[PDB]
Amino acid sequence: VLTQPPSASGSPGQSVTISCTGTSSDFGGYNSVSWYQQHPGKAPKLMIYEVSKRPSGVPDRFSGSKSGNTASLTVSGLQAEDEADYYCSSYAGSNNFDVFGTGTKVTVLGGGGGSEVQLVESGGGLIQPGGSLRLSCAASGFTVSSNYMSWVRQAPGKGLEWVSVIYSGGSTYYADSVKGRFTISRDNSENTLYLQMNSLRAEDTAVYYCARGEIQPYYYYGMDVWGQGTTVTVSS
Amino acid sequence: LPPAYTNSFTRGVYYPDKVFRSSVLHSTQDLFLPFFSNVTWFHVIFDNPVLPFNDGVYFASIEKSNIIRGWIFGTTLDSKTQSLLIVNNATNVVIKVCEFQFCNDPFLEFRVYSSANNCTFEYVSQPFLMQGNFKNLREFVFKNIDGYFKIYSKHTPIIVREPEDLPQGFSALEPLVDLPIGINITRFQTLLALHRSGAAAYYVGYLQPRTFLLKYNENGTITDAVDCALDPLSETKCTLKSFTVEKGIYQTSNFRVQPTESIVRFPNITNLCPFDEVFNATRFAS
Amino acid sequence: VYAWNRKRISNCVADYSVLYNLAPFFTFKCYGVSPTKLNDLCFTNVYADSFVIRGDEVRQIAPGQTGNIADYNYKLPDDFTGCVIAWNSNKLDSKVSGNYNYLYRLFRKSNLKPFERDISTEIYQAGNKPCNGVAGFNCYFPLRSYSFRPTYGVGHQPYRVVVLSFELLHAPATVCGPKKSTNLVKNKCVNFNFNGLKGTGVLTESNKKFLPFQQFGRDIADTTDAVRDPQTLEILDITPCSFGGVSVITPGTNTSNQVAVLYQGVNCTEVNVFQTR
Amino acid sequence: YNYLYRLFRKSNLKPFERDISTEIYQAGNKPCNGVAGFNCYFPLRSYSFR
Ligand SMILES: *[C@@H]1O[C@H](CO)[C@@H](O)[C@H](O)[C@H]1NC(C)=O
Ligand SMILES: *[C@@H]1O[C@H](CO)[C@@H](O)[C@H](O)[C@H]1NC(C)=O
Ligand SMILES: *[C@@H]1O[C@H](CO)[C@@H](O)[C@H](O)[C@H]1NC(C)=O
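Residues numbered from 1 in each chain as written, not as in the entry; some residues may be left out. Chains lettered and ligands numbered in written order. Part of a larger assembly, values for the part shown. Heavy atoms only, no water. Residues with missing side-chain atoms left out of burial classes, pairs and counts.

As summarised from the PDB record, the model derives from cryo-EM at a stated resolution of 3.47 Å.

K.L.:
I tried to follow the UniProt feature "disulfide bond" in chain C on my own but got confused; where do I start?
P.N.:
Residue and element names in this part refer to chain C. Annotation check: the disulfide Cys-30-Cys-83 recorded in UniProt is satisfied, the sulfur-sulfur distance being 2.0 Å, below 2.5 Å. Residue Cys-30 is located in the loop between β1 (7-9) and α1 (35-38), and its partner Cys-83 is located in the loop between β2 (46-53) and β3 (86-88); the two are separated by 53 residues in the primary sequence. With 2.0 Å between their sulfur atoms, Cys-131 and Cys-139 do form the disulfide that UniProt assigns to them. We classify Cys-139 as buried; its relative accessible area is 0%. (Disulfide = S-S within 2.5 Å. UniProt positions renumbered as here; feature names shortened; annotations may be inferred. Helix = DSSP H or I, 4+ residues; strand = E, 2+ residues; numbered from the N terminus. Buried < 20%, exposed > 50% of the residue type's maximum accessible area, 1.4 Å probe, protein only.)

K.L.:
Can you walk me through the interface of chain A and chain C in this structure?
P.N.:
By a frequent convention, interface size equals the accessible area lost on bringing the separate parts together. Of the residues lining the interface, 20 residues belong to chain A; the matching set on chain C comes to 27 residues. Summing both sides of the interface, chain A and chain C together bury roughly 2100 Å²; the carbon and sulfur share of this comes to 52%. The three residues of chain A that bury the most area against chain C are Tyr30(A), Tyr148(A) and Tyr219(A), which together make up 24% of that side's buried surface. There are 0 salt bridges connecting chain A and chain C. The interface formed by chain A and chain C includes 11 residue pairs in polar contact. Residues of the side of chain A that touches chain C, tallied by class, amount to 8 nonpolar, 11 polar and 1 charged. (Contact = heavy atoms within 4.5 Å. Buried area = accessible area lost by both parts, 1.4 Å probe. Salt bridge = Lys/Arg side-chain N within 4 Å of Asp/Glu carboxyl O. Polar contact = N/O pair within 3.5 Å; in protein donor to acceptor, adjacent residues only side chain to side chain. Nonpolar A, V, L, I, M, F, W, Y, C, P; charged D, E, K, R; others polar.)

K.L.:
Explanation requested: the arrangement of the chains in the structure shown.
P.N.:
Inter-chain contacts occur across 3 pairs of chains; the most extensive set of contacts lies between chains A and C. Separated throughout, chain A and chain D approach each other most closely at a C-alpha pair spaced 13 Å apart. Chain B shows no contact with chain D. Their nearest C-alpha atoms sit 33 Å apart.

K.L.:
How should I be thinking about the sheet that holds strand β6 (residues 150-154) of chain A in this particular structure?
P.N.:
Adjacent strands of a sheet form backbone hydrogen bonds with each other and so pair up, either parallel or antiparallel. Residue and element names in this part refer to chain A. Read from one edge of the open sheet, 3 strands run β7-β6-β8, paired in antiparallel fashion. Two strands in the sheet have a free side with no partner beyond their single neighbour: β7 (161-165) and β8 (207-211). On average, each strand axis in the sheet is inclined to that of its neighbour by 30°, with strand direction left out of account. (Pairing = 2+ DSSP bridges. Axes fitted to C-alpha atoms, helices over the stretch in contact; angles between N-to-C directions.)

Next up, the structure:
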């Protein structure tokens, strides 16, 4: 559980300087705090991963120095038209999920990844409560069997949280929300890598996102590519 | 070379265990050197053969100062298996059971081998293991058991300057090292101090499992020993715990002619027996 | 963690009780046996393997466990008979100058064989491309350094963990452990346990000239009567304890009940009183 | 935690004699006084299952 401001609209692009408090420590070990820009519709896009050395993108958002116990990402002077949500990641302790933060409305105005590797899903329309539905993110580019991928779900209103983490070939750790009712099973090592529902408990209605890279222990990986999600729409 | 063969008199009777005994007659059964046995007369005046190490050997040396030094005991003398290269350098002895195969030839500076592998023991014993017409005889009884490479030794300053041959006289050997390293040993290789920049001749006998009756002195040393498979008088002196046999007839062990051939006559019948149609039927029996 | 020592220690008296006072250890959970019973069991050779991990990774060192370090740098099967001795080392291994010296091999293809050290430095190749050496979008450095700093908290501090793997092959055991020694008692029938030779008797001073290699000593007919002291060289004598036969002289239970006791083989000073042959 | 398992004792047990114990072990002659120091714990090691 982290601390984030509910909304931020006063003084657009001049004194916003949003951050995420509630750490009360020194960010554990490796100080790597990422910032995700969740936009309605398409999948979110990475903005910055470390305190400096911004990736290839917009150059008007940098200087994410860690002041006190929080990384104050300098966003002033960026633009005056944006409708998205900024999420920060911290608490890099061993086997600790829910590293994301609450919904921070950083809309300065309010009113006013596609062909990189691949983007495919299963399209779970009208999911019957229970059963076993499989969702895949087959990538014809980067290897879907060697890199460290993850699965993160998000629901309308609620923020993101770690749902599934899988290492190279010797770890099948599950999140604390499922507590065991979720079983990850890897597909063929040269075709794709899919997931399994395993008799959901009516809480899996949130939309899924299969990320090619980790969230809290995020590595450069050349580029951060995401994929669009699908609505479960359970009928329990 | 044509290795000669010399006769070995009563010599090589070592202490089997470490137990003090005073004025007794102990009848032990262990690996000893048979009395009046043959020992090859390998002369080091060039020679370096590979001798078989069946169950134990008796090495000798009548060198002058440093002619014969070291031993290359091992199983195959290859880099695959381990070996033993106990040498006697300048006032020290290095004992390593490392698997140093060879470099060119066992000669010696550590010019005996040139390699580097994993070792198992580096028990570097600091105390070394080793008068005009006064040579020096050095006898070493090498014996290997399940988990110990026991090595006996004795250094006697012989005096007689007769033709090179084993002297006349009883002389036991005292243990010095009890290396607990476990490794199979089947081959024996010797080496001489070349130093190029009748000298010496080593005698190499072979041990056999026999019974020996040893006499311990009042101090605690063995004065003499009698075998039990050399002559009927020795068998009589063994069956009676006394080296002085009185006049008469004594019943010794019984004799039995051992077989020579071995025949195993079974019937003609030479075919196969039904098992593939019995063990694995259509499905199985009930 | 990628290049850990494999010290093969043997032929010594491994006194594990000394380790309880060398450094302020914080974890001494021996999974195989008890430290009290470990000092009474012989072994052939002990494999000492040391490494340095974070505070949150000490729990990952277990006989069978997954994790970023448990299956990528050092794995222990379900037969580890040693200990998980570990201690914090945040006193001399943390300076503010840039700790770009360690690594933990974040990238790997699969789980390594337990008790194996893979000393490699090649660039990680994530398939579907021949990487003859390049750093972009397909092949990165499979090694990443830590971020140990002095001004941090518990959980991410340098913790040195050393394990002592034990083995018992078809070889004579060399390392056994400490050997307790008691005081000497002379001229008194007591028990003795001299180097496996156990018994009872009166350890007296003898005048026997033992050979420099002899340790034990027997008699004419199979009876130990003298041994060599494992301490400073001294020749002792083991005579049996005070024993004998007892007979009762009785005039019969028809005139009186007074009886006499005859102890055979005694000089009236080892049990009126009379001394006869 | 419902299936307990005792630890080493400084003395051998007796046949047909229950070993109910709740104190803290004392290695050598150094009493740890309840709080577990070094080489002194409670002989109530719980068996782990899966
Ligand atoms: C020793 O063996 C050789 C042949 O190897 C033989 O000529 C010699 O006679 C033997 N010893 C005796 C009996 O002198
Ligand atoms: C026995 O030892 C004593 C004392 O060393 C010595 O005087 C005596 O000559 C020795 N006797 C023999 C025959 O060994
Ligand atoms: C043991 O140490 C003492 C110290 O005085 C010494 O006198 C004695 O000879 C030693 N014995 C052995 C077995 O080394």
